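Quick notes on the structure that follows.
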Protein chains: 2
Amino acid sequence: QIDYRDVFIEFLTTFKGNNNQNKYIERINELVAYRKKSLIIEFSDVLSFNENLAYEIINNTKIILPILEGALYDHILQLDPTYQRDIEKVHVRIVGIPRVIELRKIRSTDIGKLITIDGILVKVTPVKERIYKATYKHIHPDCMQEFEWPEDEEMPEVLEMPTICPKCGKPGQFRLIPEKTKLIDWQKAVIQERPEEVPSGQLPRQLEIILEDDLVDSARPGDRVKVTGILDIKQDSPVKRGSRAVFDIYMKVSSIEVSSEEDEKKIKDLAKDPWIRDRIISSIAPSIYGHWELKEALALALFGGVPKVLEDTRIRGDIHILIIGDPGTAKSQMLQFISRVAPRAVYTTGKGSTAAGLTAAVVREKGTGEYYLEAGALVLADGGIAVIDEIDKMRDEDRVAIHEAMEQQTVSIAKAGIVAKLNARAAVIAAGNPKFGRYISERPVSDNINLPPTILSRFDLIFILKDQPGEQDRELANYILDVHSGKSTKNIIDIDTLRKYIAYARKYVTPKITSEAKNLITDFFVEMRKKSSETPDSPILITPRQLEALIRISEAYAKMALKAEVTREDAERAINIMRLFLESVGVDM
Amino acid sequence: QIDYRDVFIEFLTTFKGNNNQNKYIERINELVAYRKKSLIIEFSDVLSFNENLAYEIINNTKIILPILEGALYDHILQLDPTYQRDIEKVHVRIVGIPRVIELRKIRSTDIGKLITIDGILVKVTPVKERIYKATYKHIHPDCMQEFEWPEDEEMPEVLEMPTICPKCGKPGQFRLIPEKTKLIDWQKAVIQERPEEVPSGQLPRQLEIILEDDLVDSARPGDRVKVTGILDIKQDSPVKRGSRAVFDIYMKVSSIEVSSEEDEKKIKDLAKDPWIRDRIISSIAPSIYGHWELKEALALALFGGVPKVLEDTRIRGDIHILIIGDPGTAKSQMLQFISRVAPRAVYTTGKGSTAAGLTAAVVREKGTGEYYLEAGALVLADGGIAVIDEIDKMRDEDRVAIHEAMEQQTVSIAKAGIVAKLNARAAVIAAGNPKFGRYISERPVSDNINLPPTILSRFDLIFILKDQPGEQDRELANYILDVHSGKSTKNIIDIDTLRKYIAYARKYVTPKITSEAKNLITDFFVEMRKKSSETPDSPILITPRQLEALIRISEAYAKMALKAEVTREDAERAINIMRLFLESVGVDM
DNA sequence: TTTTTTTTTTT
Ligand SMILES: [Mg+2]
Ligand SMILES: [Mg+2]
Ligand SMILES: [Zn+2]
Ligand SMILES: [Zn+2]
């Protein structure tokens, strides 16, 4: 009823942040400075400020958003007149809607209401253009008149042509004029419900969402998103009714978020502890007893090294880990934990994957019969982590497809007239069993591993797990029963905090190698080669890749403590962990 | 509103270039010599000469080009009246527009503006004809009238037939008259964004462009081009509404550049150095330590020999290189560098390619129902370099598809009623691993290589790389760490100018064989054949192909120094490099 | 039916 434009403007200029620093005033000039033409607000803050305004947004969304858009636009023009003639419309987006509904629980009662859905992005289409105001010319020898067809109204989702010329009142031919037509960016995406939300024995459901204007290209497939907007029915093929008054539903996205200053203080506070490295390792798979050297290795792969890009070549910065062990050694359980804690990870099984599905697949589009590309698991994991369980179960002729993606971090396809190259910069963690299921100490190491030396040299670290019963059985049994009894280990960083810590470290820390670290690494690498040549029978080869493994591991150790330099202490830790890897495969040092 | 035709004419007639030769009057001078009806003007030159004139082209391109082009036509007629009755309209193409937009960043605000896009050409269609002014006959026994349908306007993108006869005002049926219709050449192409600008975890995007009149057949697939023109929305089936008022965008090309005299003297200056060959070799893969003999071999393949075309046959002039080595010997890094410095190169892997994708594929169009050919990797690489990494991972029944393309440089297809023969004159560089991952010195060369003798004989040079940990580890380790520390080797030819040097040499240099070079090559071949008879178990056969390899290598060495003939020094170098090849495969002379 | 790359059952 009443106008809240005065309230909205006053709220923007008078709201107080956590430190009462007016967390909203400094967003306005940032909008003006960068001409971002999109401003977001929090529903909790609006409700905390004025209860009446929050309800009107949450209920009368379709008749108040343009009103607040006009009021905000006027406030921008007075603040900076130069904003005019560059941006003709500014959008305000509301987040944190209390109306959250599961994807499977949407009913007809929720149509037309501002709701929020949490799911997984699966498909994204290229950006296109949608007409919201057309212009036609009446092709009738008497008219030759141009007019905007939808009068005082946006063009509906169905493209409708005028039947009677408004300028002359007669029918005839109408020709669209693209020059005078107004367009808006338009993208279509598909969202899927989370695996933990799917009911027993059923496939996950999917919903179609539409992103327009500045919301296009807001996320990539495989992301976890929270989308807010209005639901509506979909009219796709109305040319022929064919009975079937049944319709699907789709969502007009108003605000989207993927997956902060307070968190940064928490992250930096953690790094102040001298024993942060040991504290982080203790937080990796808290439900698994022992395997301290494995948890340390897995922690390094989460942080990785520093990729180097030069004018003529680039160097891999990711760390690859291979684990071989007897059944029941908690290999799969540890790998599942990595998927949860990594900011971006893809979990695959060796038997349930193919060569085309891992890198890229060439498929024939049924509508046109033309071949095109589909991204594989490694491509979708670019910048993240790829987990391959049961690597020994894959066919050897099929496993070689990942050799290029594991060192050059690229995928090359030359099939059916398609030549393409794709980036696959991801870290690979793989697990498997020995050749005879269990490790046989009588036989050498070569026949136990049963893998070609080419793939073995690609892995920075290799650990062989032996399940040897001994005095430690009682400790293991007590630990497992405590887990089943609900007792939880304390003094460990929670998974949510740990994920934020890793994401921050991988984005703002780039350690550099000092002179002291160079001498230690060089001496140790020379020592490997001399020792390796003494026993030319092991299946492990000390190639120059091993030298680069030491550099990557050293940078990861420094990056774990948010250090900008690789001191001698990190080099010693990198050398020490490499020693345990060599002792595992029976290479003494 | 000021008349710019006078400004244009004085700009063309009076302009000073960097060389001080009035660059812009020679182009129009050659315009009438060859009747090319197209003039190229740089945006930097017009802006410097007249800032106001340059701006008017940028923002008023729609209604300034016909006036600007019309003014140029009158000037040409004054220069030579003979241009009349040969060319009706002359097009002016503007390049160097500062408005450069990435392919993924195009939004609605860029529609109708002159922009420039850099990308890769992937698809070209055959040249067709487009109607811009039709002629119709009213089939109604009283009319028998001819009229150009679109009055004072060209035919739009969508063909439209008149509904009311302009000659009588009555409806009816109208018949097109092809002989009185005005046509224009039309071609469609697809541009793909470069792999550098593709975001993480996303597939590359594509844009459709239209070439008309003299711009047709101005490029070939795989080229890197810059296109300037106007964006517009694409209409395909406007008659069928089918809801979904969402359109795709295409581009009307106004000028195209495919990726000068100052380079000629720069290249000539480089060739004057007596040690130019060493400088070129030292500039191949600067980030790789050692492997001097492999760097020399890769340099030869970039330049290549001299193809011979005779009345009854032709002789291959390309050089093929095969490298077999232990894992971690930087084989893939060098191949990556070659794919960047080569003016035209295609990079493929053994596992990610098929027989059809390498040579040619037969694809059926579901619309018409007929079969047609699709160019493979080797066909697209004609006149350039083809890189096939991990060649040993190819299926043997699939690898044999390149036997004829490597020697006869042709692709023969007899499939689905299609018999064809395509040129595949491309050099092949391949790498792979021995049978057991690493070379075993305790076993003969026969079972280490694991490749048929038919394909081995087709390679001019074969190098077996052994990773022997010796006393050079410290030097190798220090070099690698220096690379990781940002240190760069100095006194090398950078990749950009090195690419220009190779392109110039392969185009203007055709060395000849002298009498003294013939004697050295003949004597060496006799000894090579005699020595091979000692060991017949080796899978390396000295065939007459090896004699022609010596000729090709000798020509390549001369081509490096831009020499016009092959002297005894070039023959000696060819013998020396051939000797190292034989020693590696176990033939000692 | 036909060539092609893909997952699938069945020749
Ligand atoms: Mg398991
Ligand atoms: Mg390699
Ligand atoms: Zn009208
Ligand atoms: Zn008529």
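Letters go in sequence order (proteins before strands), and every chain restarts at 1. Only heavy atoms go into these numbers, but all of them, side chains included; no hydrogens, no water, no symmetry mates.
- Partners of B/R458 by salt bridge (charged side-chain N to carboxylate O under 4.0 Å, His left out), not counting sequence neighbours: none found.
- Remark: A/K393 pairs with A/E390 by the salt bridge (charged side-chain N to carboxylate O under 4.0 Å, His left out) rule, at least two apart or across chains.
- More than 12 non-hydrogen atoms from other residues, nucleotides or ligands lie less than 6.0 angstrom from CD of B/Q333.
- Residues in residues 415-428 of chain B take part in these side chain to side chain donor-acceptor pair (under 3.5 Å) pairs, two or more places apart or across chains: B/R314-B/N423, B/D382-B/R425.
- The side-chain contact (heavy atoms from CB on, under 4.5 Å) search around B/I462 returns B/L322, B/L456, B/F459, B/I540, B/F581, B/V585, not counting sequence neighbours.
- A/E397 pairs by the side-chain hydrogen bond (donor to acceptor under 3.5 Å, both in side chains) definition with A/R395, not counting sequence neighbours.
- Residue pairs meeting the salt bridge (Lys or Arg N to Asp or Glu O under 4.0 Å) criterion with at least one partner in residues 189-202 of chain B, sequence neighbours excluded, are B/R104-B/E193, B/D118-B/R194, B/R194-B/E197.
- For residues 355-364 of chain A, every residue pair satisfying the side chain to side chain donor-acceptor pair (under 3.5 Å) rule, not counting sequence neighbours, is listed here: A/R364-A/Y371.
- The span of DNA chain C lying next to chain B, judged by atoms under 4.0 Å from heavy atoms, is bounded 5' to 3' by C/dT2 to C/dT5.
- Remark: the separation of the P atoms in C/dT6 and C/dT10 is 23 Å, to the nearest Å.
- Within residues 358-370 of chain A, the residues that place at least one heavy atom under 4.0 Å from DNA chain C are, in residue-number order, A/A361, A/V362, A/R364.
- Sugar pucker at C/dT7: south, on the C2'-endo side, as the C1'-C2'-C3'-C4' dihedral is below zero.
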